[PDB]
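S.K.: I am attaching a structure below and will ask some questions about it afterwards.
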Amino acid sequence: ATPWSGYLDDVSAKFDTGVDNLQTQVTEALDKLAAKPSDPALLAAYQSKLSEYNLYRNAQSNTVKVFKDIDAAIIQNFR
Amino acid sequence: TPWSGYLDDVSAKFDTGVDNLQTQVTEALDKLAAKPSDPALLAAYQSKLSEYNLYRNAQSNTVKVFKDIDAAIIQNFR
Amino acid sequence: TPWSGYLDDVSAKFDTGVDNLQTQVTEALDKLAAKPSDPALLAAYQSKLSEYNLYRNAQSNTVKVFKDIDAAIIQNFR
Amino acid sequence: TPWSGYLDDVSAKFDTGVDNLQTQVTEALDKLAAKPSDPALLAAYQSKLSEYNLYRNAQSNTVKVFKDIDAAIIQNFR
Amino acid sequence: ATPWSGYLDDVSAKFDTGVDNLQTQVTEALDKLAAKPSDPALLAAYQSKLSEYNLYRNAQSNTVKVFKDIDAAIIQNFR
Amino acid sequence: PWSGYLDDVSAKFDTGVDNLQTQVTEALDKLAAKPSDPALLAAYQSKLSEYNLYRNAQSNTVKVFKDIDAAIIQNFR
Amino acid sequence: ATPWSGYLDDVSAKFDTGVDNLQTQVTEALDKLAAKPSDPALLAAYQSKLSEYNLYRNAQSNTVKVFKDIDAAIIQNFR
Amino acid sequence: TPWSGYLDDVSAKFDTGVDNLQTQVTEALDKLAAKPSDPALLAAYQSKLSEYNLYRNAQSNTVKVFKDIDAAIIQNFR
Amino acid sequence: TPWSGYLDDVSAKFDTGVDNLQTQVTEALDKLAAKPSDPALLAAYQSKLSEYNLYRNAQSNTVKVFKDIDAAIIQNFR
Amino acid sequence: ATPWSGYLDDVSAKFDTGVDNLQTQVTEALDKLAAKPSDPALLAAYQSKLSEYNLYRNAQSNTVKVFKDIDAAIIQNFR
Amino acid sequence: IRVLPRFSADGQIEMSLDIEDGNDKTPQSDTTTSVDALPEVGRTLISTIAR
Amino acid sequence: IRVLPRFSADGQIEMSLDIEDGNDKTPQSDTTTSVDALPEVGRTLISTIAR
Amino acid sequence: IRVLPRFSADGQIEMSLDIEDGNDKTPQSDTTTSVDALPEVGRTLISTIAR
Amino acid sequence: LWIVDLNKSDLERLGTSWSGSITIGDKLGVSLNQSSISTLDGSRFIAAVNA
Amino acid sequence: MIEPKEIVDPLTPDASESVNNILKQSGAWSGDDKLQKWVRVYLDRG
């Protein structure tokens, strides 16, 4: 059936389903810019997508780390 | 609910001590996920997540302390 | 608010401490966008945006400091 | 995908603030190139080209300053 | 008291109230000059005025940048 | 009220730093009104860091005296 | 009671009392230059004052953090 | 084929984007050196060389931004 | 009578080892604070502040390790 | 009586006793240049001296910091 | 669509149902009255039990 | 497609089925002629059990 | 002012007092008009007991 | 569930404002309801009307 | 200066009875409206 998925997987995937298609949009913007690097409207378009992508990946991974640290501290008190 | 001990009571007193943080943090999570570049949403999330972290840590150490007191008394029945 | 921790209280002090800057910067942006070449509108927006930047930075660092103090105390219950 | 973050919005405000400049700048170019030695066309072009220059510069600097506000918050999540 | 203001707003307003009316003086002397572009008195006036307005806005924007730098340097040391 | 030895060793710090517990709040609510004033920032930095060290040293001292007592009580048996 | 002051307070205050009047000199020279933004004497004065002020605030804030990092390092060993 | 990374793919997209500039810019030089005082030649070389400049700078900056995204994620595996 | 143990005898070796650093630090600071703009002053204070840092870290770490050796031996008297 | 010097002090002193005379050469240069600013023979010399001074101070500071961090890293492992 | 069906003795069918349906919210951006020939519908979520 | 076959004595074949199909999202296909040249076939996913 | 009053048996009142008063040591400005118009009082603090 | 909202509003602005300036004899400037310098050295009046 | 009082009796006139005087003397009233009646009836009369 569907592959198994924990709690951290879900907290991660809430971003991949929140930013609807940014992962495609960035590759489209790069394929258009590489065609003619000297178009102001293309450079202006690409700057925004690249910045948004950067921030998205940062917020995702920092949140996964924080939850992994809240869990390990409880698991340690079982002993 | 049907059966609960003293440790369960100590624990539950935090789960009701914080009224709604348990939902607020999941709510803010997806508000942010919809628009991860909004400063207001980021600032709103950072504090709710910090408060959730401290809530869980404070909850667990207390239950351990009480377990060690009770085990220490029970050891002397013999 | 349904529930507000100490950290929330700290953050809210900054928010209520700056009256209307949140909207002032928003309006200034639209004005400048209407006439990107007027020196007066430029000199206004430079100020508002700098102020906003410092507000957010000061806000976010304090919350962290207070988080670390609490985490350190909570650790010693063990 | 009509997905547009906060930075996209901040940039779009300029695009929609300068409604027609985007094309006026090309109309003027084509009619100048049709007859380069006319003072009325030279004087018109200068005034349009300069406005377009300042438009794109303010557009890109605003975006960068917002990005630097977000990244400093996200760093504190740890 | 005023709608709101930080310390930088204040530093800006100190210039805006230090040059009492230069903004309107420059705004109108142009409306004189444009209507008779070839009078040497009108020219020499407008030259003298626009040089002042230039230097004014220049030093105004530089001072704000220096105070923003000084504040960022301290806020960074809290953490 | 009733107060043990550890409560005493704790209160020593409270009564030691007379006023800092207030000063950090008054400095905070001054700064929050005007985040961009260097004279407010430079003060707040020192007050907040002093409060930090205060709480840490208090908590470690109480921890050590607890563990000396638990070590002695383990030998009555 | 007299306002309580610690060791970091002491170290910080040494700078404030070390610079007798700089803290006000930089305010006066601003009100002057703002009154007459286009005089080179006033400019040449203000450049100096604003530089000295910037260096003072940086050296202060760095030194306080260096001390805080020693105290925090020693207190860790009480355990 | 030799092993190529994701940063290599990104880099190569530019090279394969500008199919022929890489050599057009050299031929232009070889011609212009023959008669340095021909304005028809100069007007062409100015364009080709400006294009080359923008191409190389966009390339390097893009590569660096992706390097710093990856490094930031790899940091948290610990 | 001023009583000194073995750990005291240990830490004291550092204090006597650095003859006057304790004073020099305060003298250098008092100079610098009068004239925070002379590079010779700044370079001197940088050097003596960092020697004063390493001094006390090495002191407190070495005082801790002997405590752990003693507590380990004492625990085996039973 | 005479200063206790550590190791970093020895490192700094190597630079101080390396540039035997620059410390005063710079000052004399400035004094005469300021006496007669419009002489290109004075200017051409002062430019060199000031640049040498800048490099000297910069290298000295950067070096000291590196040794500080090596020592700190070794000390940490005692615990 | 997610569903879980159950057969009654009466031949009634009972099922647990939830449905998300709609279109993606516009990007806060321009469009034309002809493109509004690509029609808006809301975004709707329903979750219930029915027999 | 992923499948598991089971044989029933009635001569019936039973399978657990998951299916994914479609073109990959290219919503910014630039020219009208490219869309005219290439059929849009929406990305679809199905999961069920059938005999 | 902070105070805590006590009634003597002899019809006397005893108080423990803390008093602070003055203008503040503003860094912002001094100027002839200000010194002319607005008095520089000191700043003073006292703590004592009296009956 | 029935939800109902109703609104009415009525608004009216009407009248005039004034300001201006004269100069007499290179002795006297006069200005009325201006924060200006009366810079023109010649008589100006400015009405404002809205309805 | 502080001046407390014991309260045992409700207001006279009623709140509603008083509000209307203000509303009508101001002209803010709207019960004269042809339409809002359908809703306001439930609030004022009930």
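Letters A, B, ... go to the chains of the structure tokens in the order shown; residues in each chain start at 1; ligands are counted from 1 in the same order.
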Both chains have the same sequence, so match all Cα atoms in order, fit chain C onto chain H by least squares, and return it as a tab-separated table (two decimals) with N, CA, C and O atoms, in the first residue's frame.

M.R.:
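For reference, part.tsv as written:
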chain	number	residue	atom	x	y	z
C	1	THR	N	30.15	12.66	-20.13
C	1	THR	CA	30.95	12.99	-18.96
C	1	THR	C	31.06	11.78	-18.04
C	1	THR	O	30.10	11.03	-17.90
C	2	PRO	N	32.22	11.58	-17.43
C	2	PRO	CA	32.32	10.48	-16.45
C	2	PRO	C	31.39	10.64	-15.26
C	2	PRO	O	30.80	9.65	-14.82
C	3	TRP	N	31.25	11.84	-14.72
C	3	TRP	CA	30.41	12.03	-13.55
C	3	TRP	C	30.01	13.49	-13.47
C	3	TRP	O	30.83	14.36	-13.76
C	4	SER	N	28.77	13.77	-13.09
C	4	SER	CA	28.30	15.15	-13.06
C	4	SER	C	27.32	15.34	-11.92
C	4	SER	O	26.22	14.77	-11.94
C	5	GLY	N	27.70	16.16	-10.95
C	5	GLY	CA	26.82	16.53	-9.86
C	5	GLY	C	25.76	17.54	-10.25
C	5	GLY	O	25.74	18.09	-11.35
C	6	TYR	N	24.86	17.78	-9.30
C	6	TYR	CA	23.80	18.76	-9.50
C	6	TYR	C	24.33	20.13	-9.87
C	6	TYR	O	23.79	20.80	-10.76
C	7	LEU	N	25.40	20.57	-9.21
C	7	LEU	CA	26.01	21.85	-9.56
C	7	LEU	C	26.53	21.86	-10.99
C	7	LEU	O	26.37	22.85	-11.71
C	8	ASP	N	27.15	20.77	-11.42
C	8	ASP	CA	27.57	20.67	-12.80
C	8	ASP	C	26.37	20.79	-13.73
C	8	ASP	O	26.45	21.46	-14.76
C	9	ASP	N	25.29	20.09	-13.43
C	9	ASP	CA	24.08	20.21	-14.23
C	9	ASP	C	23.63	21.66	-14.35
C	9	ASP	O	23.28	22.13	-15.45
C	10	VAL	N	23.67	22.40	-13.25
C	10	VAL	CA	23.29	23.81	-13.29
C	10	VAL	C	24.21	24.60	-14.21
C	10	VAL	O	23.75	25.37	-15.05
C	11	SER	N	25.52	24.42	-14.07
C	11	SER	CA	26.45	25.15	-14.93
C	11	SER	C	26.24	24.79	-16.40
C	11	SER	O	26.23	25.66	-17.28
C	12	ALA	N	26.10	23.50	-16.68
C	12	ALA	CA	25.90	23.07	-18.05
C	12	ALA	C	24.63	23.65	-18.63
C	12	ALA	O	24.55	23.84	-19.85
C	13	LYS	N	23.61	23.92	-17.82
C	13	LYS	CA	22.44	24.57	-18.39
C	13	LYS	C	22.81	25.90	-19.05
C	13	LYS	O	22.39	26.17	-20.17
C	14	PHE	N	23.62	26.72	-18.39
C	14	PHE	CA	24.10	27.95	-19.01
C	14	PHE	C	24.93	27.68	-20.26
C	14	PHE	O	24.72	28.30	-21.32
C	15	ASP	N	25.89	26.77	-20.16
C	15	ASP	CA	26.71	26.50	-21.34
C	15	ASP	C	25.86	26.08	-22.53
C	15	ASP	O	25.92	26.71	-23.60
C	16	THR	N	25.05	25.05	-22.39
C	16	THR	CA	24.23	24.66	-23.52
C	16	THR	C	23.16	25.69	-23.83
C	16	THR	O	22.58	25.65	-24.92
C	17	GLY	N	22.88	26.60	-22.91
C	17	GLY	CA	21.87	27.60	-23.15
C	17	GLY	C	22.32	28.72	-24.05
C	17	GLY	O	21.48	29.37	-24.68
C	18	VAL	N	23.62	28.96	-24.13
C	18	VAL	CA	24.15	29.92	-25.09
C	18	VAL	C	24.85	29.13	-26.19
C	18	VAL	O	25.82	28.42	-25.93
C	19	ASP	N	24.34	29.26	-27.41
C	19	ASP	CA	24.71	28.30	-28.44
C	19	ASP	C	26.20	28.36	-28.74
C	19	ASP	O	26.93	27.39	-28.54
C	20	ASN	N	26.66	29.52	-29.19
C	20	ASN	CA	27.96	29.62	-29.85
C	20	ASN	C	28.72	30.87	-29.44
C	20	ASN	O	29.75	31.19	-30.05
C	21	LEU	N	28.23	31.59	-28.43
C	21	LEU	CA	28.85	32.84	-28.01
C	21	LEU	C	30.32	32.66	-27.70
C	21	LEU	O	31.15	33.53	-28.01
C	22	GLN	N	30.68	31.51	-27.12
C	22	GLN	CA	32.08	31.21	-26.85
C	22	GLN	C	32.97	31.45	-28.06
C	22	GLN	O	34.03	32.05	-27.93
C	23	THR	N	32.56	30.98	-29.23
C	23	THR	CA	33.41	31.20	-30.40
C	23	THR	C	33.13	32.55	-31.04
C	23	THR	O	34.02	33.11	-31.68
C	24	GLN	N	31.89	33.01	-30.98
C	24	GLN	CA	31.56	34.27	-31.64
C	24	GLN	C	32.47	35.38	-31.14
C	24	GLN	O	33.03	36.15	-31.94
C	25	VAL	N	32.63	35.48	-29.82
C	25	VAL	CA	33.53	36.49	-29.25
C	25	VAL	C	34.97	36.28	-29.71
C	25	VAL	O	35.68	37.24	-30.02
C	26	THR	N	35.39	35.03	-29.82
C	26	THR	CA	36.75	34.74	-30.26
C	26	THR	C	37.00	35.23	-31.67
C	26	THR	O	38.02	35.87	-31.96
C	27	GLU	N	36.08	34.93	-32.58
C	27	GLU	CA	36.21	35.40	-33.96
C	27	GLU	C	36.16	36.92	-34.05
C	27	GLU	O	36.96	37.53	-34.76
C	28	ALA	N	35.19	37.53	-33.38
C	28	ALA	CA	35.08	38.98	-33.38
C	28	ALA	C	36.38	39.65	-32.95
C	28	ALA	O	36.79	40.67	-33.52
C	29	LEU	N	37.05	39.09	-31.94
C	29	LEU	CA	38.33	39.65	-31.52
C	29	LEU	C	39.35	39.69	-32.65
C	29	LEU	O	40.00	40.71	-32.87
C	30	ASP	N	39.52	38.58	-33.36
C	30	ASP	CA	40.49	38.55	-34.46
C	30	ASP	C	40.11	39.48	-35.60
C	30	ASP	O	40.97	40.20	-36.14
C	31	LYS	N	38.84	39.51	-35.96
C	31	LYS	CA	38.42	40.48	-36.97
C	31	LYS	C	38.81	41.89	-36.56
C	31	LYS	O	39.53	42.58	-37.28
C	32	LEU	N	38.36	42.32	-35.38
C	32	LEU	CA	38.69	43.67	-34.93
C	32	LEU	C	40.20	43.90	-34.88
C	32	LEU	O	40.68	44.96	-35.27
C	33	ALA	N	40.96	42.92	-34.42
C	33	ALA	CA	42.41	43.05	-34.41
C	33	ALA	C	42.96	43.28	-35.80
C	33	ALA	O	44.05	43.85	-35.95
C	34	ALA	N	42.26	42.84	-36.83
C	34	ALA	CA	42.75	43.09	-38.19
C	34	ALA	C	42.54	44.53	-38.65
C	34	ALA	O	43.31	45.02	-39.47
C	35	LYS	N	41.50	45.21	-38.17
C	35	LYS	CA	41.19	46.58	-38.57
C	35	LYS	C	40.68	47.36	-37.37
C	35	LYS	O	39.51	47.74	-37.30
C	36	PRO	N	41.55	47.65	-36.41
C	36	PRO	CA	41.09	48.26	-35.15
C	36	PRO	C	40.35	49.57	-35.32
C	36	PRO	O	39.87	50.10	-34.31
C	37	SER	N	40.25	50.13	-36.52
C	37	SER	CA	39.62	51.43	-36.73
C	37	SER	C	38.34	51.38	-37.55
C	37	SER	O	37.87	52.44	-37.98
C	38	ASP	N	37.73	50.21	-37.77
C	38	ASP	CA	36.43	50.17	-38.44
C	38	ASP	C	35.27	50.25	-37.46
C	38	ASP	O	35.12	49.35	-36.61
C	39	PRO	N	34.41	51.27	-37.56
C	39	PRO	CA	33.30	51.40	-36.62
C	39	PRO	C	32.40	50.19	-36.53
C	39	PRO	O	31.90	49.86	-35.45
C	40	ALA	N	32.17	49.49	-37.64
C	40	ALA	CA	31.27	48.34	-37.61
C	40	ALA	C	31.84	47.24	-36.74
C	40	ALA	O	31.15	46.67	-35.89
C	41	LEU	N	33.12	46.93	-36.93
C	41	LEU	CA	33.75	45.90	-36.14
C	41	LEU	C	33.77	46.28	-34.67
C	41	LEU	O	33.52	45.44	-33.79
C	42	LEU	N	34.02	47.55	-34.37
C	42	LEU	CA	33.95	47.99	-32.98
C	42	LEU	C	32.56	47.78	-32.40
C	42	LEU	O	32.42	47.22	-31.30
C	43	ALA	N	31.52	48.26	-33.08
C	43	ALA	CA	30.17	48.15	-32.54
C	43	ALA	C	29.75	46.70	-32.37
C	43	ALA	O	28.91	46.40	-31.51
C	44	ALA	N	30.29	45.80	-33.17
C	44	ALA	CA	30.01	44.38	-32.99
C	44	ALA	C	30.68	43.84	-31.73
C	44	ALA	O	30.05	43.16	-30.90
C	45	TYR	N	31.97	44.10	-31.59
C	45	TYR	CA	32.70	43.54	-30.47
C	45	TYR	C	32.21	44.07	-29.14
C	45	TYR	O	32.17	43.32	-28.16
C	46	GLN	N	31.87	45.35	-29.05
C	46	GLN	CA	31.32	45.86	-27.79
C	46	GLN	C	30.15	45.01	-27.29
C	46	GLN	O	30.12	44.59	-26.12
C	47	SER	N	29.24	44.65	-28.19
C	47	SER	CA	28.08	43.85	-27.84
C	47	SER	C	28.46	42.45	-27.40
C	47	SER	O	28.04	41.97	-26.34
C	48	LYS	N	29.22	41.75	-28.24
C	48	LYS	CA	29.61	40.39	-27.87
C	48	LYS	C	30.33	40.34	-26.53
C	48	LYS	O	30.06	39.48	-25.69
C	49	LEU	N	31.27	41.26	-26.29
C	49	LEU	CA	32.01	41.20	-25.04
C	49	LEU	C	31.13	41.52	-23.83
C	49	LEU	O	31.26	40.88	-22.78
C	50	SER	N	30.19	42.45	-23.96
C	50	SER	CA	29.26	42.68	-22.86
C	50	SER	C	28.43	41.44	-22.54
C	50	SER	O	28.32	41.03	-21.37
C	51	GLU	N	27.83	40.85	-23.57
C	51	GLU	CA	27.08	39.61	-23.39
C	51	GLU	C	27.89	38.53	-22.68
C	51	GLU	O	27.41	37.89	-21.74
C	52	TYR	N	29.12	38.31	-23.13
C	52	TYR	CA	29.98	37.32	-22.48
C	52	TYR	C	30.18	37.62	-21.00
C	52	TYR	O	30.09	36.72	-20.15
C	53	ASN	N	30.47	38.88	-20.68
C	53	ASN	CA	30.63	39.26	-19.28
C	53	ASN	C	29.43	38.88	-18.42
C	53	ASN	O	29.57	38.23	-17.37
C	54	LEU	N	28.23	39.26	-18.85
C	54	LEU	CA	27.04	38.92	-18.07
C	54	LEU	C	26.83	37.42	-17.96
C	54	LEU	O	26.42	36.91	-16.91
C	55	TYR	N	27.07	36.70	-19.04
C	55	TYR	CA	26.96	35.25	-18.99
C	55	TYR	C	27.82	34.66	-17.88
C	55	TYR	O	27.31	33.92	-17.02
C	56	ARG	N	29.10	34.98	-17.85
C	56	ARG	CA	29.96	34.44	-16.80
C	56	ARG	C	29.53	34.85	-15.40
C	56	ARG	O	29.56	34.03	-14.47
C	57	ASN	N	29.10	36.09	-15.20
C	57	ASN	CA	28.67	36.49	-13.86
C	57	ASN	C	27.46	35.70	-13.38
C	57	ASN	O	27.46	35.14	-12.27
C	58	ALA	N	26.39	35.72	-14.16
C	58	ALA	CA	25.21	34.95	-13.78
C	58	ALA	C	25.55	33.50	-13.53
C	58	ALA	O	25.09	32.90	-12.56
C	59	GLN	N	26.39	32.90	-14.37
C	59	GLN	CA	26.79	31.52	-14.16
C	59	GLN	C	27.41	31.32	-12.78
C	59	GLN	O	26.99	30.44	-12.03
C	60	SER	N	28.40	32.12	-12.43
C	60	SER	CA	29.13	31.86	-11.19
C	60	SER	C	28.35	32.17	-9.93
C	60	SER	O	28.60	31.53	-8.90
C	61	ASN	N	27.42	33.12	-9.93
C	61	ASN	CA	26.73	33.38	-8.66
C	61	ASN	C	25.75	32.27	-8.26
C	61	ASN	O	25.64	31.91	-7.08
C	62	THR	N	25.03	31.72	-9.23
C	62	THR	CA	24.06	30.67	-8.95
C	62	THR	C	24.69	29.46	-8.26
C	62	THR	O	24.13	28.92	-7.29
C	63	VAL	N	25.81	28.98	-8.78
C	63	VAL	CA	26.49	27.85	-8.17
C	63	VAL	C	26.76	28.10	-6.70
C	63	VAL	O	26.59	27.20	-5.87
C	64	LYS	N	27.13	29.32	-6.34
C	64	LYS	CA	27.38	29.60	-4.94
C	64	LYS	C	26.11	29.50	-4.12
C	64	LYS	O	26.10	28.92	-3.02
C	65	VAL	N	25.02	30.11	-4.59
C	65	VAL	CA	23.77	30.02	-3.84
C	65	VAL	C	23.40	28.56	-3.56
C	65	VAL	O	23.12	28.18	-2.41
C	66	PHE	N	23.39	27.74	-4.60
C	66	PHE	CA	23.10	26.33	-4.39
C	66	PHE	C	24.09	25.64	-3.46
C	66	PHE	O	23.71	24.72	-2.75
C	67	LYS	N	25.35	26.06	-3.45
C	67	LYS	CA	26.26	25.44	-2.50
C	67	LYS	C	25.85	25.75	-1.07
C	67	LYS	O	25.89	24.88	-0.20
C	68	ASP	N	25.49	27.00	-0.80
C	68	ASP	CA	25.14	27.35	0.58
C	68	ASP	C	23.88	26.64	1.05
C	68	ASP	O	23.79	26.24	2.22
C	69	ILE	N	22.90	26.44	0.17
C	69	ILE	CA	21.70	25.71	0.60
C	69	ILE	C	22.05	24.29	1.05
C	69	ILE	O	21.62	23.83	2.12
C	70	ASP	N	22.86	23.60	0.27
C	70	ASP	CA	23.25	22.24	0.63
C	70	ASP	C	24.07	22.22	1.91
C	70	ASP	O	23.86	21.35	2.76
C	71	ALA	N	25.07	23.08	2.02
C	71	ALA	CA	25.84	23.13	3.25
C	71	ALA	C	24.96	23.32	4.47
C	71	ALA	O	25.15	22.64	5.49
C	72	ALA	N	23.96	24.19	4.38
C	72	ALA	CA	23.06	24.37	5.51
C	72	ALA	C	22.29	23.10	5.85
C	72	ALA	O	22.18	22.75	7.03
C	73	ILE	N	21.76	22.41	4.86
C	73	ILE	CA	21.05	21.16	5.17
C	73	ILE	C	21.99	20.12	5.78
C	73	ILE	O	21.71	19.55	6.82
C	74	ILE	N	23.13	19.88	5.13
C	74	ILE	CA	24.09	18.90	5.64
C	74	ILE	C	24.47	19.18	7.08
C	74	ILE	O	24.71	18.25	7.85
C	75	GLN	N	24.56	20.44	7.46
C	75	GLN	CA	24.94	20.73	8.84
C	75	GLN	C	24.01	20.08	9.85
C	75	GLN	O	24.47	19.61	10.90
C	76	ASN	N	22.71	20.06	9.60
C	76	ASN	CA	21.78	19.56	10.60
C	76	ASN	C	21.73	18.05	10.76
C	76	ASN	O	20.93	17.58	11.57
C	77	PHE	N	22.51	17.25	10.03
C	77	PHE	CA	22.51	15.82	10.33
C	77	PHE	C	22.99	15.56	11.75
C	77	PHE	O	22.56	14.60	12.39
C	78	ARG	N	23.90	16.39	12.24
C	78	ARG	CA	24.49	16.20	13.55
C	78	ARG	C	23.41	16.18	14.62
C	78	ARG	O	22.31	16.67	14.41

S.K.: After a least-squares superposition of chain L on chain K over all Cα atoms matched in order, what is the RMSD to one decimal?

M.R.: 1.5 Å

S.K.: First superpose chain E onto chain J using a least-squares fit over all Cα atoms taken in order; then report the RMSD in Å.

M.R.: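 Rounded to one decimal, the C-alpha RMSD is 1.2 Å.
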
S.K.: Please provide as a list in words all residues within 7 Å of region 52-69 of chain J, with the sequence filter that same-chain residues fewer than 5 positions apart are discarded (counting only C-alpha atoms).

M.R.: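 Contacts, in chain order: residues 8, 12 and 15 of chain J.
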
S.K.: Kindly export the residues of the current selection with N, CA, C and O atoms, as a compact mmCIF listing (two decimals), in the first residue's frame.

M.R.:
# COMPACT_ATOMS: atom_id res chain seq x y z
N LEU J 8 51.26 35.23 23.67
CA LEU J 8 50.70 36.17 22.72
C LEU J 8 51.45 37.50 22.77
O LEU J 8 51.64 38.15 21.73
N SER J 12 53.04 39.45 19.54
CA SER J 12 52.86 40.87 19.22
C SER J 12 54.20 41.62 19.22
O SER J 12 54.48 42.43 18.32
N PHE J 15 56.32 41.71 15.96
CA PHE J 15 55.99 42.80 15.06
C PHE J 15 56.48 44.15 15.57
O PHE J 15 57.07 44.95 14.81

S.K.: Determine, counting only C-alpha atoms, which protein, DNA and RNA residues have an atom within 6 Å of an atom of region 33-45 of chain G; residues of the same chain fewer than 2 positions away are not included. Present the result as a ChimeraX atom specification.

M.R.: /E:15,18 /G:30-31,47-48

S.K.: Can you build me a table of chain L residues sitting at most 10 Å from chain D, with the closest atom pair per residue and its distance in Å to one decimal, using only C-alpha atoms, sorted by chain and residue number, as JSON lines?

M.R.:
{"residue": "L:25", "atom": "CA", "partner": "D:1", "partner_atom": "CA", "distance": 9.1}
{"residue": "L:26", "atom": "CA", "partner": "D:1", "partner_atom": "CA", "distance": 9.1}
{"residue": "L:27", "atom": "CA", "partner": "D:1", "partner_atom": "CA", "distance": 6.5}
{"residue": "L:28", "atom": "CA", "partner": "D:1", "partner_atom": "CA", "distance": 8.1}

S.K.: Which parts of chain D does DSSP call alpha helix (DSSP H) when run on the backbone here, written out as a VMD selection string?

M.R.: chain D and resid 6 to 17 21 to 34 39 to 74

S.K.: If you measure from CA of residue 67 (chain F) to CA of residue 79 (chain G), what distance in Å do you get, rounded to one decimal?

M.R.: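 CA of residue 67 (chain F) sits 10.0 Å away from CA of residue 79 (chain G).
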
S.K.: Quick one: pull the distance between CA of residue 40 (chain F) and CA of residue 28 (chain F), Å, one decimal.

M.R.: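 Interatomic distance, CA of residue 40 (chain F) to CA of residue 28 (chain F): 8.9 Å.
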
S.K.: If the cut-off is 12 Å, can you tell me the residues of chain M near chain G, counting only C-alpha atoms? I'd like them as JSON, numbers by chain.

M.R.: {"M": [1, 2, 17, 18, 19, 20, 26, 27, 28, 29, 30, 31, 44, 45, 46, 47, 48]}

S.K.: As a list in words, please: the residues near residue 6 (chain G) (cut-off 10 Å, only C-alpha atoms, same-chain neighbours under 5 positions excluded).

M.R.: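 Residues meeting the cut-off are residues 17, 20, 46, 47 and 50 of chain F; 11 and 12 of chain G.
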
S.K.: Let me see the file: selected residues, N, CA and C atoms, as a PDB file, in the first residue's frame.

M.R.:
ATOM      1  N   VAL F  17      20.936  40.440  45.150  1.00  0.00           N
ATOM      2  CA  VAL F  17      20.731  41.385  44.054  1.00  0.00           C
ATOM      3  C   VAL F  17      19.451  42.177  44.315  1.00  0.00           C
ATOM      4  N   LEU F  20      17.683  44.116  40.623  1.00  0.00           N
ATOM      5  CA  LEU F  20      17.843  43.692  39.239  1.00  0.00           C
ATOM      6  C   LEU F  20      16.574  43.062  38.686  1.00  0.00           C
ATOM      7  N   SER F  46      23.633  44.785  28.995  1.00  0.00           N
ATOM      8  CA  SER F  46      24.295  44.461  30.256  1.00  0.00           C
ATOM      9  C   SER F  46      23.320  43.968  31.311  1.00  0.00           C
ATOM     10  N   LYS F  47      22.120  44.522  31.351  1.00  0.00           N
ATOM     11  CA  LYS F  47      21.189  44.061  32.375  1.00  0.00           C
ATOM     12  C   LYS F  47      20.740  42.634  32.104  1.00  0.00           C
ATOM     13  N   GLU F  50      23.441  40.138  32.944  1.00  0.00           N
ATOM     14  CA  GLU F  50      23.611  39.955  34.381  1.00  0.00           C
ATOM     15  C   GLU F  50      22.532  39.051  34.955  1.00  0.00           C
TER      16      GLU F  50
ATOM     17  N   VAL G  11      32.114  47.622  34.257  1.00  0.00           N
ATOM     18  CA  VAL G  11      32.922  47.651  33.040  1.00  0.00           C
ATOM     19  C   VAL G  11      32.281  48.512  31.963  1.00  0.00           C
ATOM     20  N   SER G  12      30.978  48.383  31.762  1.00  0.00           N
ATOM     21  CA  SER G  12      30.299  49.213  30.775  1.00  0.00           C
ATOM     22  C   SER G  12      30.406  50.694  31.111  1.00  0.00           C
TER      23      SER G  12
END

S.K.: Can you work out which residues from chain F touch chain I at a cut-off of 12 Å (counting only C-alpha atoms) and hand them back as a list in words?

M.R.: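 On the chain F side, the interface is residues 68, 71 and 75 of chain F.
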
S.K.: With distances taken over only C-alpha atoms, which of G:29, G:75, G:13, G:70 is nearest to chain E?

M.R.: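 Closest candidate: G:29.
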
S.K.: Which value, in Å to one decimal, gives the distance between CA of residue 40 (chain M) and CA of residue 21 (chain M)?

M.R.: 12.2 Å

S.K.: Excluding same-chain residues fewer than 4 positions from region 22-38 of chain N, what lies within 12 Å of it counting only C-alpha atoms, as a list in words?

M.R.: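 Counting only the stated atoms, we get residues 20, 21, 22, 23, 24 and 25 of chain E; 17, 18, 42, 43, 44, 45, 46 and 47 of chain N.
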
S.K.: Residues of chain F near chain G: apply a cut-off of 9 Å, count only C-alpha atoms, and supply the list as number ranges by chain.

M.R.: F: 17-20, 23, 38, 42-43, 45-47, 49-50, 52-53, 56-57, 60-61, 63-64
